[PDB]
Structure formats: C-alpha cells, structure tokens
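Trainee: Pasting an experimental structure, sequence included:
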4 protein chains.
Amino acid sequence: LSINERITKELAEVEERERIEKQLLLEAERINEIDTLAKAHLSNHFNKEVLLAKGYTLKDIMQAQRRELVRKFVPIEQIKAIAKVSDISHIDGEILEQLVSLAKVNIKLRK
Amino acid sequence: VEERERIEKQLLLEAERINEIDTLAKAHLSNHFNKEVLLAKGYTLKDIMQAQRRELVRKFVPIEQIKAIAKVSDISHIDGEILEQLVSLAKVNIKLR
Amino acid sequence: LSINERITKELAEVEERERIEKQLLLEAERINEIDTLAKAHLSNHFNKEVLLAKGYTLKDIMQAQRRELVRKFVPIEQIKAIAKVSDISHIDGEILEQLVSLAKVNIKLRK
Amino acid sequence: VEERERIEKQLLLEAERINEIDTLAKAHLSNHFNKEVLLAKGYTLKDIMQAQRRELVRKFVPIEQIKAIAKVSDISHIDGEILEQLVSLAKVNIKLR
C-alpha cells in the first residue's frame, strides 16, 4: 500500500459516507412528502398511526398512500397509459414514483 | 426458418406502431414532419419515429407531466421505456380530447 | 484476414442492415394497408383493440382481416380457382397475399 | 441484500426521528437554530441534531431535573441514553404544556 493508495482509499470512504448521508436526507424528505400528501389529500383512515396499529410496514404505508393518491388524482386512462395496466396493486416502484409525480402535477394544475 | 418467421412477426409488431404513429401524426401535428420530407432532410427511419413520438408528447402530454414523470423538462434525451410511457400518455390525451 | 476480406465483410454487414431497414419499411406499408382496409371495408367488431381483448395475436388479426376482405370482395369462383379450395381457413400465406391483391383490385374497380 | 435492507430501515427510522425533532424544534425554540443556518455555520448533521435535542431539554426539562437525572447541571457532555431520557422528558413536558 502506497501513499496514493492511502489517499484514494480515504477519499473513497469519505465520498461513500457523504453519499450515505445524502441518501439519509433524501429518505427524510420522502417521508415528509408522504406525510404531507396523506394529511392533505387523503382521509384520516389511512393515517400512519392507524395503519401501524393494523400492522403494516412503513414502506407498505408509503406505497398504499401513493396508490391512493394516484387513484384519486391520476385518471384511469392515464394509469393505463403510464403503468400499461389498469391495476396499481403490483406497480409499486419507479413507475409508482412516476405516477405520484403525475398526481402532484394534477393537484398543482387543479389548484 | 422459424427464427426468421418470428423475426418477420416482430417486424409486423413494430411496423404496426410505425404506421399508426405516422397516420395519426399527419392529422394531429403538421405536414412539415411528414416522413417523405424528413427523409429528404436526411433523417433515418428510427430518428423520424422518435422525433414524431417526441412531438406527440410535446403536443398532448403537458410540460409538467414531462418534467415530473420523465424527470426532465426536455424530451431531447429521454428515449426508452419512459418515452413509451409518454407516448401512451399522449394517446390517452388525444383519446380524451 | 486481409483488407479485402475486411471490406467485403463490412459491406456485407452494411447491406444486411439496409435490408433490415427495407423490411421495416415494407412491413410498415403492409400493416398500414391492413389497418386502412379494416377501418374502411370491415365492421367495428373486427377491430384490433377488441381482437386483442379477446386474445388473438397480431398475425392472427392480420390474417383474419385479410380472409374477411377476401370473402367480402373476391367472388367464390375466383377463390375456388386461385386458392384451389373454397375454404380460406388454411390458405394464409402467399396465396392469401394474392387473394388480398385481387380483393384490392375488386374494390378499385367497384369504386 | 437483506442486511442492506435492514440498514435502510434503520436509516428510515432515524430520518423520521430527525424530521420530527426538527419540525417541533422550529415551532418551539427559534429560527436561529435552523438546519440550513447551522450547516452554514459548519455543524455536522449529528451535531445539529444533538444540539437541538439539548436546547429542547433546556427549554422544557427543568434545571433540577437536568442536574439530578443526568447528575450534571450542564447538558454539554451528557449525550447518550441519558440524553434520550432527557428528550423523552421534554416530550412529556411539551405534551402536558
């Protein structure tokens, strides 16, 4: 191990930790956005507390709120276009993120 | 020879989209983006198809949809499954229009 | 491998890709003709959307539309002459292409 | 990959805790201790969070509770499980307030 190897290893470790911290901030922002959307556009029966009492994981709560928002704002034809299918129960992921971005666009233009 | 038969079937499948996009674009966008004049200007078949798709997205799919679903406001380099989603959204928009 | 071999291989590959492009163009024209004929001379129940909903392949849709057009336009005597049989249910292919060309001639002279 | 999945679950938990602490601190203490201005002043994320927690303890938890439960009047070096107990007591105090 040489000095340049030491330097590149230290910088790689520092950049990895910085990327992890940025991921932490991104996850916090995602949680905040989901909470705001659930409080603003969806009913109280879909709250995090009641869902946790019913026994659903946090990611399940996020995807359920996202799917409900997509069904509420994004029309069925747009769902069938973007997701290529009518049902959203198996579309969680990047396509779900695209659908919730479309729902945010829909609420922005509605306001 | 069945491999070539399936290749021809795939040719039919993609050709379906090729002709449908042109037929609807002629009546929707303009006559300036016709396949013949684009070929004269020097655009390959795939380039013409993707340019027509992007123009359809720009006409039907709103700019907020572009910058949210596709994550970028510019459609210039978004080609792919995201482009397929965008053209499906444009088809939905013209259906409801 | 010499330079003449390299050049002939490069030209062969380029010609193969150009031939693929010509195939794309020809099949695009074929599908355009099929779509126009289905929209113009055949009922809405034979639409591509409803056939796909019923679960038929694209080639099956094309051959069904072609057979319906042949039965509608080409006379039964002409079918029995060109295709050598009255039934068209097993006549898909080059003979079907000849039959649909005859049907196009028939509709052109009808107009 | 399940090890990384559990790591990400822990990341989500601590991110939610940080978000809740920041949201309540903004409305309770002041705007001077905002995350952006603290980052500009040059404090790491964990340092910002612990400083906000200590300010919350100083605001809600009385000084006698500080000098007895934590055994020291200064919250300057008490970080840990005792700090968690102090912030829980501060949560109880703001709940009853």
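Mentor: Great, that's in hand. Numbering: from 1, shown residues only, chains lettered A, B, ... in the order given.
Trainee: And the residue of chain A that's closest to chain D?
Mentor: Using CB to the nearest CB, the closest approach of chain A to chain D is made by residue A:28 at 3.8 Å. Placement of C-beta: from N, CA and C, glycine included.
Trainee: Quick one: distance of the helix or strand containing residue A:79 to the chain centre.
Mentor: Take DSSP states H and E as the rule and residue A:79 turns out to sit in helix A:76-82. The chain centre lies 19 Å from the centre of helix A:76-82; the measure is CA atoms, centre = their mean, to the nearest Å.
Trainee: what about the helices in chain A?
Mentor: Under the criterion DSSP state H, chain A contains helices at A:3-41, A:48-54, A:58-73, A:76-82, A:94-110.
Trainee: Now the residue of chain A closest to chain D: closest residue in space, sequence neighbours ignored.
Mentor: Spatial nearest neighbour of residue A:28, excluding adjacent residues (CB to CB, 6 or more residues apart in numbering or on different chains): residue D:15 at 3.8 Å.
Trainee: In contact with that neighbour, which residues?
Mentor: A:24-25, A:27-28, A:31 (CB atoms under 8 Å, 6 or more residues apart in numbering or on different chains).
Trainee: at 7 Å instead, please
Mentor: Counting by CB atoms under 7 Å, 6 or more residues apart in numbering or on different chains, residue D:15 touches A:24, A:27-28, A:31.
Trainee: State the pair within the residues you listed that is farthest apart.
Mentor: By the measure CB to CB, A:24 and A:31 form the most distant pair in the contacts of residue D:15, at 10.8 Å.
Trainee: out of the contacts of residue D:15, who's nearest chain B?
Mentor: With CB to the nearest CB as the yardstick, the closest approach to chain B among the contacts of residue D:15 comes from residue A:27, at 18.1 Å.
Trainee: For residue A:42, what are phi and psi?
Mentor: The phi/psi pair for residue A:42 (degrees, to the nearest 10) reads phi -120, psi 160.
Trainee: What distance do you get for it to chain B?
Mentor: 19 Å (CB to the nearest CB, to the nearest Å).
Trainee: cool, residue A:68 as well?
Mentor: Going from residue A:68 to chain B by CB to the nearest CB gives 18 Å.
Trainee: likewise residue A:18?
Mentor: The value you get for residue A:18 to chain B, if CB to the nearest CB is used, is 23 Å.
Trainee: And residue A:88, by the same measure?
Mentor: Separation of residue A:88 from chain B (CB to the nearest CB): 14 Å.
Trainee: and if you look at residue A:53?
Mentor: Distance of residue A:53 to chain B, computed by CB to the nearest CB: 33 Å.
Trainee: cool, and residue A:52?
Mentor: Relative to chain B, and taking CB to the nearest CB, residue A:52 is found at 29 Å.
Trainee: Ok, residue A:64 next?
Mentor: Distance of residue A:64 to chain B, given as CB to the nearest CB: 21 Å.
Trainee: Residue A:41 too?
Mentor: For residue A:41, the distance to chain B - CB to the nearest CB - is 16 Å.
Trainee: Please apply the same query to residue A:2.
Mentor: Taking CB to the nearest CB, one finds residue A:2 at 40 Å from chain B.
Trainee: Now the phi/psi pair for that residue, please.
Mentor: Residue A:2 adopts backbone torsions of phi -100, psi 180, taken as degrees, to the nearest 10.
Trainee: again with residue A:91
Mentor: Torsion angles, degrees, to the nearest 10, at residue A:91: phi -120, psi 10.
Trainee: swap in residue A:86?
Mentor: The phi/psi pair for residue A:86 (degrees, to the nearest 10) is phi -70, psi -40.
Trainee: The one 4 residues further on now?
Mentor: Residue A:90 has phi and psi values of phi -130, psi 30 when expressed as degrees, to the nearest 10.
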